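Please read the structure below before turning to the comments.
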Amino acid sequence: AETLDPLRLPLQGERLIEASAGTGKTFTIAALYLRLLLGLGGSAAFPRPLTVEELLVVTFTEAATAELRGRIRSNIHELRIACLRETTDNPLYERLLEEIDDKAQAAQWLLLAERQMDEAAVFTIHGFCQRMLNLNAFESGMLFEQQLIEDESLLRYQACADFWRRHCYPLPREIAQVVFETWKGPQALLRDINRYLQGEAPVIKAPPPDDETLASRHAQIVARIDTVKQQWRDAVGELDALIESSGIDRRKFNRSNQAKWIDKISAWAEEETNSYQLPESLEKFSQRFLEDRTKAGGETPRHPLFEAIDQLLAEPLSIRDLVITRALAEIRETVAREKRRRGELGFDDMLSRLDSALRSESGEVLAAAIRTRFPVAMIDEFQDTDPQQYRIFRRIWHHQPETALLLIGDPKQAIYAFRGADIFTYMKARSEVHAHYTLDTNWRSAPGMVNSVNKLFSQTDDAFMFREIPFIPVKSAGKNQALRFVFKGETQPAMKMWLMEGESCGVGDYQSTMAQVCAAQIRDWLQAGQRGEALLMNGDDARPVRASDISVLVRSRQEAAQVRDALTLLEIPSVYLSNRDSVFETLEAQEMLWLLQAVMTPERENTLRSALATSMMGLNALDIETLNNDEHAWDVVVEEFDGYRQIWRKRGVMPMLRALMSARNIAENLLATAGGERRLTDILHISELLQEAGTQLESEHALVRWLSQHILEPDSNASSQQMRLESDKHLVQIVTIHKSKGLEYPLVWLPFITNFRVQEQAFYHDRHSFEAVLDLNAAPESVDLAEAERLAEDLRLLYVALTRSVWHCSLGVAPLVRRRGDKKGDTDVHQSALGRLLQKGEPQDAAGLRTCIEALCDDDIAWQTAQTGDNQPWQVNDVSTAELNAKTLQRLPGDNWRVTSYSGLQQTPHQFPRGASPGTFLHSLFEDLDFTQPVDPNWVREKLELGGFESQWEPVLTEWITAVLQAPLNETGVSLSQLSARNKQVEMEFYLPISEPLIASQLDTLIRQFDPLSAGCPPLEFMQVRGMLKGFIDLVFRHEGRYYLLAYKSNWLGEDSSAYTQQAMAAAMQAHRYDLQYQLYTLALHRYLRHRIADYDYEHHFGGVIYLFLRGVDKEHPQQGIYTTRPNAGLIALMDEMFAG
DNA sequence: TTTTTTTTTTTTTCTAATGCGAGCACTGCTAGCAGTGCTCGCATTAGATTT
Ligand SMILES: Nc1ncnc2c1ncn2[C@@H]1O[C@H](COP(=O)(O)OP(=O)(O)NP(=O)(O)O)[C@@H](O)[C@H]1O
Ligand SMILES: [Mg+2]
């Protein structure tokens, strides 16, 4: 191992950089990034300078990714500024500038990089896999559009239930008994193998044969038990004489007990072998049991039956391993198949699919696709690495030239074993890499904390109990030498262990006492910092200890809740950063549901009363009592809820809840009440979720259905449903040890560091092959091999949790006993991670623990006994509130301007079906119809196929169309067939501006003056409108240099042709107010012609208006169906002037 | 193709480990009996993580 200098580090091949915590592993990423962008280092430099898009960086968490991206951006900016100024105030940038040959070109490259920083290739492992799969779906063999699912619990449980149905159902009742004894159902079966299903499959030690079915194992075990029973049956009488004759202590083996045991074993042997249960007395008659208890130098009773019983009881009889193996294969297969069917994908599935692709035949090509894309890749937090990830990284970047690979990690921090990560693969990689580099100095914390840690981990030799993980002392940097933490004028020791009092302490008592002590100490720190006494000082500078800089690191959820409850008992604000609880699980969700349910149907008194009596409203009991008696108050409430329903129907969801909160003053009363701030935040969050979900759901009742559904089954994994932060003020941050990786905290607490657990399951790694091995049998060898790794993981977790703090870290210590009996004897602290380092891995009593603590204590490490904290709430000095006033609006905004059409302002062929779609189809027919050619039957048949009407109309409709085309027109006698494509314009769209507001009264008067149809009808009624007017003219055509306007109408006036006469057509025009319609159309056409036609005249060039009633068109009567009307020129001129100004 | 009624609640783990109490065989002390060492059985209590 060599000391590391970022400028001199060569970037070629594989390089491993390992160092202790807070030594600047992450900080070196930025320096290496800058070196890569500029291509600095000469011999140690990359052969060619690279771009932002060609550097890969892989981090463990998303937050770390964002942090690193931002910091790289900042560093690029600062280095560019330095290159432009040729001077800088930082030593790293100064050395870089000394190394740079040309500074102008360097600044140019840095500028390009800064501009491309949006495309920085900084991902996590799962994001990198997903992105490489999507960018190379062709080589990998995936689909081009893949979906992402975060939670596979439902698919997994469904596959397990399918396995159960297929296998456990057909079984006979006798094998079914044995299966039912082990697992009650698929729910319990999934619980055992849930961990093994996730990630790579575990090698099973001593797997059953492939052809062995359940019935074969059952028959084998039944045969063994039958043999033992028969051997007992044959020797049921000789054993008494054998035991009596031979010499064995009868104090250990009483004659009455012997007779009882013989009777029980005989009764069991005569019993039919229905189940695998064996009596306990067989343990007494084992050869080893007899050999253990016998006279010194005396005859020992020995019989072949005893040897048979000893061989039988040596290993448990069960079908567990076979069923577990079959399920572990079949459920995984089924899940993969279903996910392939739906075209979905998951994180573990992403990694496994990329690995499979690289391992397949085409993967070689895929390898180049990833290798050419990312020449250099830097993996951070490499200690947490799965075998899949290392296989991928090796396959891609092992031996190819012109491609570097930088592995940065600390094995002492490998704490994600539970998540599939492995330390043994890290050590494999460490063996496979030749070069090693190290960081010497700690830049994170005060020199006190560094010395404390160095002293605590130097107690024993090979503290981390792995030969490949040697511990060495680290040295603090010169910048932090001044750091101190002063409490009440006295400098506190860097690390303080709070020892609990007593000999034997239970787990629950330990948790309660330490939670209380931590709460009391945090309260004292806050009280002393509020008066400016307690200060975190860097030399002369200082600052008080806010409730934010204090962090409490916990291992489990229940632990964090135990901390938070006691911490809130002292009225101290705190928040738990690892909280995955869902909002809908709170009571506010239920209250909001009751409120919506009452608003929906205020008629029902029960639902309304239930919604009123919620804590959210804040009514008392006397309020509800008086309100259940007075009818007027109840009626007023019903009325306001009915109005809320109207608001809810019209404006949506959030407006209704907002009006309710305003009228009932819910927000003010909640903020006034103690604790109501969290309540109001949850209410607002639920309101936002309800609005988001009500946008998509069109029905109002569907939203209540959706809310009840979500309340019934809250999804904790959902990100949107995560509970928001209570307040933006200072909060004590409770964070788990795993989530605290790579972070930093001024003051740190570890209330329950001593607490541990013993691993019962047998899952370990072979010391030779370094492969994950699951032993479905409970052989104690496997259990010991697993417990050793558990202890190593606990030691690494302890190291991680200790290296977080900067100024001060406290931690609880107690003589924790995990065994009920022999509490007076040795404690179980030695098994705990911290205890093993305090007692040098030697079991001791409480006095021994206290003496070891006292011996360990020095200037940096001080111990104090833990006592019950004083129950006094933290007092916070309130602050006066200044005068507050909201602004008001002097000028109201105007909605006068708008764009409207005629519809907004207004607001056998005879037996043919009618409607909106039939009318649109009839119009679309003429839209693309050629008038100069006869109708084609195939075209009409195709249009009837499109519309879906009966083909029976096809012979008739064609004829009807010709009746339209050949029908004559106004006295000029124009036939629609006579119109060439040059003299026609179909569906012309027009825009007509209306500058002054259009008043219905000021127009209706003129229209009545110049048109009798308006005089017959009542006055026009519509609101003032200023803006534009849109419209679509059906047809415009010119004949004999005279223009016309044609409008199609398919309204079914009547059943007979008499309803299509002149008077009836005029009546229909007056009824549907087509008068104003054609008047506006004429104004539009007049303006368009005046614009386009040079030397235009209304009387000369205009020809009138023609309404064509399709169904009215009949060959028998020329007048029926067509209507012709010419607006007065004076009306047109006055209307134009009105609309113009 | 016509129509009437009615309002309330119920459940909750399991395994394991020990402490004591009762019974008994052995055995040493002054043939029986008290101590002792032991052992089985019933009741009581503790604990069950982490992206
Ligand atoms: N060369 C340096 N000069 C100045 N400060 C540094 C230097 N290297 C690291 N630091 C500071 O040291 C602190 C922690 O460094 P960091 O890069 O997080 O190391 P680390 O290996 O990531 N710690 P961890 O993530 O827990 O393993 C930060 O405040 C950095 O600014
Ligand atoms: Mg880091």
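Counting neighbours? That spans all protein chains shown, and the Cβs are built from the backbone with ideal geometry, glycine included. Each value in this text was obtained by applying a stated rule to the coordinates, not by laboratory testing.
Go through A:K184/A:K264; A:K984/A:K1115; A:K339/A:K650; A:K943/A:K1030 and tell me which ones have a Cα-Cα distance over 31 Å in this structure.
As for pairs spanning more than 31 Å Cα to Cα, those are A:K339/A:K650.
Compute the distance in nm between two label points, each set 7 Å from the Cα along the Cα-to-Cβ direction, one at A:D822 and one at A:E700.
7.3
For the range A:590-654, run through the GluC sites (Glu not before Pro) and keep only the ones in DSSP coil with at most 15 other Cβ atoms within 10 Å of their Cβ.
When the GluC sites (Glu not before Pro) of the range A:590-654 are filtered for loop state and at most 15 Cβ neighbours within 10 Å, A:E603 remain.
Quick one: which of A:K25/A:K455; A:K479/A:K741; A:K25/A:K412; A:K496/A:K824; A:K252/A:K824 span more than 18 angstrom between C-alpha atoms?
Cα-Cα > 18 Å for A:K25/A:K455; A:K479/A:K741; A:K496/A:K824; A:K252/A:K824; rest within.
Hey, with R₀ at 45 Å, roughly what FRET efficiency would A:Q691 and A:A882 work out to, going by the Cβ-Cβ distance, to 0.05?
It comes out at approximately 0.85.
Between the range A:728-760 and the range A:943-982, what is the C-alpha centre distance in whole Å?
Between the Cα centres of the range A:728-760 and the range A:943-982 lies a distance of 83 Å.
Run down the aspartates and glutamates and flag those whose C-alpha is under 12 Å from the C-alpha of A:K739, throwing out any fewer than 8 positions away in its chain.
Within the straight-line limit of under 12 Å, A:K739 reaches these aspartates and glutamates: A:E62.
How far apart, in nm, are two points set 7 Å out from the Cα along the Cα-to-Cβ line at A:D845 and at A:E291?
Those two pseudo-labels are separated by 3.8 nm.
Between rounded, prolate and oblate, where does the range A:990-1114 land on the alpha carbon gyration tensor, with a ≥ b ≥ c its root eigenvalues, rounded for a/c under 1.5, else prolate if a/b exceeds b/c?
It is oblate, given that a/c is not under 1.5 and a/b is not larger than b/c.
Counting only DSSP beta bridges with both residues in the range A:898-1141, what percent are antiparallel, rounded to the nearest 5?
Once the DSSP bridges in the range A:898-1141 are tallied, antiparallel ones form about 70 percent.
Just check chain A against the gyration tensor rule for me: Cα atoms, a ≥ b ≥ c as the square roots of the eigenvalues, rounded for a/c under 1.5, and otherwise prolate or oblate depending on whether a/b exceeds b/c.
prolate
Compute the relative contact order of the range A:579-725 as a whole-number percentage, counting only Cα pairs closer than 8 Å that sit 6 or more residues apart in sequence.
39
Quick check: pseudo-label points 7 Å beyond the Cα along Cα→Cβ at A:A916 and A:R85, how many nm apart are they?
Using points 7 Å along Cα→Cβ, the separation is 6.7 nm.
Roughly how many whole Å is it from the C-alpha centroid of the range A:198-238 to that of the range A:55-114?
The distance from the Cα centre of the range A:198-238 to that of the range A:55-114 comes to 68 Å.
Tell me, how many Å apart are the Cα centres for the range A:799-815 and for the range A:371-427?
29
With +1 on each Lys and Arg Cβ and -1 on each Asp and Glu Cβ, and nothing else charged, work out how big the dipole of the range A:579-725 is about its Cα centre, in Debye to the nearest 20.
Charge dipole, the range A:579-725, about its Cα centre: 440 debye, nearest 20.
Projecting each Cα onto the charge dipole of chain A (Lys/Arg +1, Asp/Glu -1 at the beta carbon, about the Cα centre), which of A:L32, A:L965, A:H738 comes out farthest on the positive side?
Checked the options; the winner is A:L32.
Based on the Cβ-Cβ distance of A:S360 and A:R394, what FRET efficiency does E = 1/(1 + (r/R0)^6) give at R0 = 22 Å, to the nearest 0.05?
Between A:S360 and A:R394 the formula returns 0.85.
When the helix-only estimate is applied to chain A (DSSP H runs of n ≥ 4, each -39,500 (n - 2.57), divided by the residue count), what is the mean residue ellipticity at 222 nm, nearest 500 deg cm²/dmol?
Rounded to the nearest 500, it is -14500 deg cm²/dmol.
Just the number, please: percent antiparallel of the DSSP beta bridges in chain A, rounded to the nearest 5.
Around 35 percent of the beta bridges assigned by DSSP in chain A are antiparallel ones.
Mind giving me the FRET efficiency for A:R371 and A:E490? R0 is 60 Å, r the Cβ-Cβ distance, nearest 0.05 is fine.
So the FRET efficiency works out to roughly 0.50.
Starting from a Cα-only point model with no solvent, please compute log10 I(q)/I(0) by Debye for the range A:579-725 at q = 0.10, 0.17 1/Å.
Treating every Cα as an identical point scatterer, log10 I(q)/I(0) equals -0.34, -1.00.
Which of the GluC sites (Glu not before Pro) found in the range A:956-1046 are loop residues per DSSP with 14 or fewer other Cβ atoms within 10 Å of their Cβ?
A:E971, A:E1021, A:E1040
Determine the relative contact order of the range A:1-48: mean sequence separation of Cα pairs under 8 Å and six or more apart, normalised by residue count, in whole percent.
Here the relative contact order equals 48 percent.
Give me the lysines in straight-line cross-link reach of A:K205: C-alpha distance below 22 Å, same-chain residues under 8 apart excluded.
A:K428
Express in nm, to one decimal, how much length is gained between A:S246 and A:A201 on full extension, taking 0.36 nm for each residue of separation and deducting their alpha carbon distance.
Length gained, A:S246 through A:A201: 10.8 nm.
Set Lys and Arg Cβ to +1 and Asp and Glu Cβ to -1, take the dipole of chain A about its Cα centre, and tell me which of A:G1016, A:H1091, A:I415 lies farthest positive.
Checking the options against the dipole of chain A, the answer is A:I415.
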